[PDB]
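Visitor:
Number of protein chains: 4
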Amino acid sequence: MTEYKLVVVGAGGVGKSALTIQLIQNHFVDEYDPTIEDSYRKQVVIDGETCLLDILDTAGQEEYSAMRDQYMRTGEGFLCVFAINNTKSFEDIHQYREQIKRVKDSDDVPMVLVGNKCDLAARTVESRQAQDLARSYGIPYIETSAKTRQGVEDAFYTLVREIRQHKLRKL
Amino acid sequence: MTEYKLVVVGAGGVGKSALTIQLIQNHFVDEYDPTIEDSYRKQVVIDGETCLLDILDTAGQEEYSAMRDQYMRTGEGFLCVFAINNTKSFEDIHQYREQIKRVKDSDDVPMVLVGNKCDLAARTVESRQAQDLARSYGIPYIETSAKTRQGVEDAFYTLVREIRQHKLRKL
Amino acid sequence: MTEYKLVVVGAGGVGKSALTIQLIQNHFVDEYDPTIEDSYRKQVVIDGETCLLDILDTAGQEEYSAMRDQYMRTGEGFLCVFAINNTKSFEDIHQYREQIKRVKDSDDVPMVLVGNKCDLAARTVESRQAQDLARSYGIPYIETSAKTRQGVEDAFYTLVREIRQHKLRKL
Amino acid sequence: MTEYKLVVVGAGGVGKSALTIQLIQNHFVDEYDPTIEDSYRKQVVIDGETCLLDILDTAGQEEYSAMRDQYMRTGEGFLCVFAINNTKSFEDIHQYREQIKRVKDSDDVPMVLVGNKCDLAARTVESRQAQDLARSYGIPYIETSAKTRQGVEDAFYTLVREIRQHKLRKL
Ligand SMILES: Nc1nc2c(ncn2[C@@H]2O[C@H](COP(=O)(O)OP(=O)(O)CP(=O)(O)O)[C@@H](O)[C@H]2O)c(=O)[nH]1
Ligand SMILES: Nc1nc2c(ncn2[C@@H]2O[C@H](COP(=O)(O)OP(=O)(O)CP(=O)(O)O)[C@@H](O)[C@H]2O)c(=O)[nH]1
Ligand SMILES: Nc1nc2c(ncn2[C@@H]2O[C@H](COP(=O)(O)OP(=O)(O)CP(=O)(O)O)[C@@H](O)[C@H]2O)c(=O)[nH]1
Ligand SMILES: Nc1nc2c(ncn2[C@@H]2O[C@H](COP(=O)(O)OP(=O)(O)CP(=O)(O)O)[C@@H](O)[C@H]2O)c(=O)[nH]1
Ligand SMILES: [Mg+2]
Ligand SMILES: [Mg+2]
Ligand SMILES: [Mg+2]
Ligand SMILES: [Mg+2]
Numbered sequence: 001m002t003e004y005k006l007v008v009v010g011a012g013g014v015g016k017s018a019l020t021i022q023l024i025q026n027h028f029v030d031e032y033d034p035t036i037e038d039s040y041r042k043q044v045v046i047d048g049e050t051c052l053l054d055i056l057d058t059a060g061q062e063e064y065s066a067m068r069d070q071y072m073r074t075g076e077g078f079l080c081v082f083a084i085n086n087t088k089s090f091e092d093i094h095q096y097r098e099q100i101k102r103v104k105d106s107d108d109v110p111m112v113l114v115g116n117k118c119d120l121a122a123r124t125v126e127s128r129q130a131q132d133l134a135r136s137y138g139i140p141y142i143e144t145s146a147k148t149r150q151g152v153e154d155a156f157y158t159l160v161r162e163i164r165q166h167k168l169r170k171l
Numbered sequence: 001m002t003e004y005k006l007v008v009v010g011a012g013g014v015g016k017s018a019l020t021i022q023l024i025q026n027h028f029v030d031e032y033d034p035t036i037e038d039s040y041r042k043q044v045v046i047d048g049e050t051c052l053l054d055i056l057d058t059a060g061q062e063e064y065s066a067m068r069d070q071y072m073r074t075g076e077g078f079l080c081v082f083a084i085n086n087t088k089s090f091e092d093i094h095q096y097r098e099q100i101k102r103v104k105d106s107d108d109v110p111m112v113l114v115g116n117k118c119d120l121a122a123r124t125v126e127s128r129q130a131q132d133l134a135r136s137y138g139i140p141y142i143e144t145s146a147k148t149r150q151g152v153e154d155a156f157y158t159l160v161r162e163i164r165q166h167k168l169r170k171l
Numbered sequence: 001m002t003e004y005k006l007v008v009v010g011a012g013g014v015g016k017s018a019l020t021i022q023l024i025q026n027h028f029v030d031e032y033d034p035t036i037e038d039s040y041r042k043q044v045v046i047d048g049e050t051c052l053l054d055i056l057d058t059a060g061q062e063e064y065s066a067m068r069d070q071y072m073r074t075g076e077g078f079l080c081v082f083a084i085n086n087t088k089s090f091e092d093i094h095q096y097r098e099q100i101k102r103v104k105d106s107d108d109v110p111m112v113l114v115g116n117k118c119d120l121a122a123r124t125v126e127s128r129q130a131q132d133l134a135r136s137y138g139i140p141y142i143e144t145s146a147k148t149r150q151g152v153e154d155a156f157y158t159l160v161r162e163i164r165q166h167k168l169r170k171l
Numbered sequence: 001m002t003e004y005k006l007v008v009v010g011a012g013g014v015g016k017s018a019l020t021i022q023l024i025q026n027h028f029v030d031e032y033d034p035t036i037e038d039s040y041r042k043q044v045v046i047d048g049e050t051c052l053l054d055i056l057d058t059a060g061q062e063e064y065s066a067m068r069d070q071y072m073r074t075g076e077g078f079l080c081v082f083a084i085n086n087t088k089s090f091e092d093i094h095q096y097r098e099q100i101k102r103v104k105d106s107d108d109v110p111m112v113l114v115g116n117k118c119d120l121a122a123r124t125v126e127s128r129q130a131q132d133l134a135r136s137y138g139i140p141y142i143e144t145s146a147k148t149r150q151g152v153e154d155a156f157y158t159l160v161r162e163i164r165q166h167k168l169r170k171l
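Residue numbers (the authors' numbering), protein chains in the order written: chain B, 1 to 171; chain A, 1 to 171; chain D, 1 to 171; chain C, 1 to 171.
1. Whose beta carbon lies closer than 5 angstroms to any heavy atom of ligand 5, going through the chain in order?
2. Would you mind giving the Cβ-Cβ distance between D/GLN22 and D/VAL152, rounded to the nearest angstrom? I have them listed as a contact below 8 angstroms.
3. For A/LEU120, is the beta carbon positioned less than 7 angstroms from some heavy atom of ligand 2?
4. Quick check: C/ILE139 and C/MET111, are their CB atoms within less than 8 angstroms of each other?
5. I'd like to confirm the pairing. Which residues does DSSP put opposite D/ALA18 in its beta bridges?
6. With distance defined between alpha-carbon atoms, name the residue in A/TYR32, A/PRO34 and A/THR144 nearest to A/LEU79.
7. Report the residue ranges of all alpha helix (DSSP H) runs contained in full by the region 106-148 of chain A; include only those spanning at least 4 residues, in chain order.
8. For D/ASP38 and C/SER127, what's the separation of their Cα atoms in angstroms?
9. Are the region 101-109 of chain B and the region 6-20 of chain B in contact at 8 angstroms, needing three or more beta carbon pairs?
10. I'd like the span of the beta strand (DSSP E) that includes B/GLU98, first residue to last.
11. For a test of the three-state rule: what should DSSP assign to A/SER39, helix, strand or coil?
12. Compare the Cα-Cα distances from C/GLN70 to each of C/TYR157, C/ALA155, C/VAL7 and C/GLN61 and report the closest residue.
13. To the nearest angstrom, how far is the alpha carbon of B/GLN61 from that of B/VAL29?
14. Ligand 4 heavy atoms versus the CB of C/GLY12: any closer than 7 angstroms?
15. With DSSP collapsed to three states, give me the class of D/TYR71.
16. May I ask whether a heavy atom of ligand 3 can be found less than 7 angstroms away from the beta carbon of D/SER145?
17. Buried or exposed: which applies to A/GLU91, given that a residue is buried once 16 or more other Cβ atoms fall within 10 Å of its Cβ?
18. Given a limit of 7 angstroms on CB to CB distance, which residues of the region 95-126 of chain D reach chain B?
19. Span of the beta strand (DSSP E) holding D/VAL8?
20. Let me confirm a value: A/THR148 is counted as buried when at least 16 other C-beta atoms fall within 10 Å, else exposed. Which label applies?
21. Roughly how far, in whole angstroms, is the beta-carbon of D/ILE46 from the beta-carbon of D/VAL160, given that I think they are within contact range, below 8 angstroms?
22. Can you tell me the Cα-Cα spacing of D/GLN95 and D/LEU52, whole angstroms?
23. How about A/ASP154: is its Cβ closer than 7 angstroms to a heavy atom in ligand 2?
24. Cβ of D/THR50 less than 8 angstroms from any chain C Cβ?
25. Compare the C-beta of B/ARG41 with all C-beta atoms of chain D and state if any pair is closer than 8 angstroms.
26. Can you give me the start and stop residues for the alpha helix (DSSP H) that A/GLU162 sits inside?
27. Please list the residues of the region 146-165 of chain A that have a C-beta atom closer than 8 angstroms to any C-beta atom in chain C, keeping them in chain order.
28. From the DSSP output, read off the bridge partner residues of B/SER65.
29. Nearest-angstrom Cα distance between A/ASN116 and B/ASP33?
30. With a threshold of 7 angstroms, establish whether the CB of B/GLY75 neighbours any heavy atom of ligand 1.
31. Excluding the five sequence neighbours on either side, which residues of its own chain have a C-beta within less than 6 angstroms of the C-beta of D/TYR64, listed in chain order?
32. Pull up the CB-CB distance for A/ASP57 and A/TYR4, whole angstroms please, since I reckon it's below 8 angstroms.
33. Anything in chain A within Cβ reach of B/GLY138, meaning under 7 angstroms, just list it in chain order.
34. Let me confirm a value: D/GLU31 is counted as buried when at least 16 other C-beta atoms fall within 10 Å, else exposed. Which label applies?
35. Measuring CA to CA, which of D/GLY77, D/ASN86 and D/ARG123 is closest to D/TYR157?
36. Would you grab the beta carbon distance between C/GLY12 and C/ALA146 for me? Rounded to a whole angstrom, and I think it's under 8 angstroms.
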């Protein structure tokens, strides 16, 4: 069985824990209850491969920067989240991505760009501009609704396929 | 994630467009304007790989300014299309074929032969005839109906499989 | 074609026979009952590979200290089963696994932990515990019910895969 | 796409041509027209691989036995067929198998045991001694019916799988 180290990264409030929790436990989290760091484990088959998803749920709040360094060392792939109703979240993602590359050096680093809360009728952020970005980045993009569970399994499973490719035809 | 430049080549009225928009907009068009150059991107997974399909819907028809020249050079794979109910559409294939080979300088070129309009009870091109040409070329031939969307995914994923395969070239 | 030698072990009455019969005879046969130890066979295709599964159904009854070493010795992978409503059979898993680690003389030996009787209401062993143990062993955890057939194939086929994967560290 | 060279062998009267023509044309052939040697080509997708199947249909007629050395020299894999209501032909696969080995000078040659005519109630060779012979040989065993089409695609696809596995044995 293969173990994959997924880190859920992103601006505070964007829906990280809720993403993570819909996966792990299949129920939506209303409570906005911050995070320092929380671990989750999940066994799934993806493309007929028995996978152990070891997901690290991180703190998005202005602080906890510094760990924002060693979980980046450790992570094998990042869910970069932001929220379709928040543009600054959209915007700081370039930050998160630059920090990552710097903590690993590597220019090629499994990441997936996730547009959360898409159940919200009120986007200040356009799929297209998200796409344009994932594009210049070289990475997939998926719009999700932790609330409605939609695209949740794809976000995570896609990130596994990214890592997996990255370890094998990543040369 | 792998991005792939695929070009939809052929003759006017074949169905290049219908084909295309069916793959992307997932719906059928007996209405699209007679083309020159129009682009499409599709994010998808094939063979557990996340793929970004960069599709150029080219044109044949009447006049067409300046296209052909260089789209080859950049095209990675070519979908060479013809209609089942048009014998002349079919002879033309050998000619698109031929320019690619010259622009590409090789016979490396990934292509998939497609016989569109699998739905007409008005065939004037025999499968057996198409199969041979394919066989001559040593490339796949898939019959399609943009109308009923029969075989359309196959055509596209087949060509991407070919590119994929081709990339192992002297490694 | 590959031959795969599977050995099912667990405490008496966990459902080892049933489980095997289900995969093989395709029905829940009840009182197959203890002490008769047979090997079954089944050709099947897993992930495009054709496999000959040679399954040994050990008689967990007047168990261990039969010629158990024989089989643990010629086994390539072990299906380690316990019943969901029997804590001791779960407790016993630790003993089977040490025996297997001794006889195979290796810490990494393909095996899958199985919680049989998914079906019974009267659960004594929560899934969390079994999953934490497997996690601790680096092995998959599947819940089955030989009775409703749920989970049965996944259980064995997750095993051939463990086997297949493990094979990869030879050379 | 990949090209695979399949040869169907077996005593006369067994179902070789009716197996090959069902695959290729999807029609049962009621008449018995003895074969010398026919070639067929069928393009298929196996396990996401675009395979061009070059199928050789050979003579069961002992008379044309001189042409075997040749087809055995070039074939990559052998569909070994016998009829479920004719022991002599079950007895004959043996001699076919030994010739292939000699010609090929190898113990591992892709083959598949095919017991055709699954549809006849006058079966005379039980699936168990076929299954047993197969395991001896170390190859798959498929029961087929050219008249009903049952098992025929299993039969050819399984041979493509053997070939591929077998080739893989070096990359
Ligand atoms: N409508 C909607 N609300 C969502 C969705 N995802 C999360 N939320 C809401 O957004 C708020 C933040 O969710 P949470 O998962 O805690 O975000 P977080 O990024 O983990 C925040 P932190 O950095 O502090 O850990 C919660 O009130 C939650 O219910 C979604 O897909 N749809
Ligand atoms: N029945 C049927 N009609 C089709 C199919 N594909 C295309 N057509 C018909 O072909 C006509 C032209 O299709 P279109 O895709 O625009 O042609 P083209 O090859 O794009 C044209 P151009 O080369 O000039 O850009 C339309 O009326 C459409 O209904 C198909 O699979 N089945
Ligand atoms: N409800 C339920 N009962 C089951 C299930 N599997 C087995 N059983 C029950 O367990 C009893 C014992 O099953 P068996 O398969 O013989 O277990 P065993 O491990 O072979 C026992 P032994 O090692 O002694 O031969 C069966 O008689 C049946 O009542 C299951 O998935 N669900
Ligand atoms: N009931 C039944 N009859 C079949 C089946 N396959 C073949 N037959 C019949 O058996 C006869 C021989 O079939 P054929 O395909 O010609 O056999 P062949 O072994 O290719 C003979 P040869 O060596 O001369 O080429 C035909 O009458 C055919 O219709 C089957 O699966 N079921
Ligand atoms: Mg959180
Ligand atoms: Mg067009
Ligand atoms: Mg038993
Ligand atoms: Mg014949």
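Ideal placement from N, C-alpha and C gives every residue a C-beta, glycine not left out.
Guide: Well, looking at it:
1. The set, ordered by position in the chain, is B/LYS16, B/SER17 and B/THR35.
2. Right, their Cβ atoms sit about 5 angstroms apart.
3. Yes, the beta carbon of A/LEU120 sits closer than 7 angstroms to at least one heavy atom of ligand 2.
4. A distance below 8 angstroms separates the beta carbons of C/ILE139 and C/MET111.
5. BP columns for D/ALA18 are empty, so no partner.
6. It is A/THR144.
7. Runs of the alpha helix (DSSP H) inside the region 106-148 of chain A: 127-137.
8. Between the alpha carbons of D/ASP38 and C/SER127 lies a distance of about 20 angstroms.
9. Fewer than three beta-carbon pairs drawn from the region 101-109 of chain B and the region 6-20 of chain B are found closer than 8 angstroms, and the two stretches are therefore not classed as touching.
10. Boundaries around B/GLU98 are those of the alpha helix (DSSP H), 87-102, since no beta strand (DSSP E) includes it.
11. Three-state DSSP puts A/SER39 in a strand.
12. Out of C/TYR157, C/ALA155, C/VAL7 and C/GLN61, C/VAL7 has the C-alpha closest to the C-alpha of C/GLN70.
13. Rounded to whole angstroms, B/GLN61 to B/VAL29 spans 18 angstroms at the Cα level.
14. Yes - ligand 4 has a heavy atom lying nearer than 7 angstroms to the Cβ of C/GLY12.
15. In this structure, D/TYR71 counts as helix in the three-state DSSP scheme.
16. Yes; taking the cut-off as 7 angstroms, the Cβ of D/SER145 has a heavy atom of ligand 3 nearer than that.
17. That one is exposed.
18. Listed in chain order, the positions of the region 95-126 of chain D with a beta carbon within less than 7 angstroms of a beta carbon of chain B would be empty, since no residue qualifies.
19. Secondary structure note for D/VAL8: its beta strand (DSSP E) is the uninterrupted segment 2-10.
20. With fewer than 16 other Cβ atoms within 10 Å, it is exposed.
21. Sure, about 5 angstroms apart at Cβ, within 8 angstroms.
22. When only Cα atoms are considered, D/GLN95 and D/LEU52 end up about 29 angstroms apart.
23. No, the Cβ of A/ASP154 stays beyond 7 angstroms of every heavy atom of ligand 2.
24. Judged by the 8 angstroms Cβ criterion, D/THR50 is in contact with chain C.
25. Any Cβ of chain D closer than 8 angstroms to the Cβ of B/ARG41 would place that residue at the interface, and such an atom is present.
26. That run of the alpha helix (DSSP H) goes 152-166.
27. If the cut-off is 8 angstroms between Cβ atoms, the region 146-165 of chain A has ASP154, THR158, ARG161, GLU162 and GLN165 near chain C.
28. BP columns for B/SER65 point to B/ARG68.
29. Cα-Cα distance, rounded: 56 angstroms.
30. For B/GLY75, the shortest separation between its Cβ and any heavy atom of ligand 1 does not lie below 7 angstroms.
31. No residues qualify anywhere along the chain.
32. At roughly 15 angstroms, the Cβ-Cβ gap does not stay under 8 angstroms, so A/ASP57 and A/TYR4 are not in contact.
33. Result: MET1.
34. Classification of D/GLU31: exposed, given that the 10 Å Cβ count is below 16.
35. Minimum Cα distance to D/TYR157 is reached at D/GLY77.
36. Actually they do not touch by this definition, with Cβ atoms about 15 angstroms apart.
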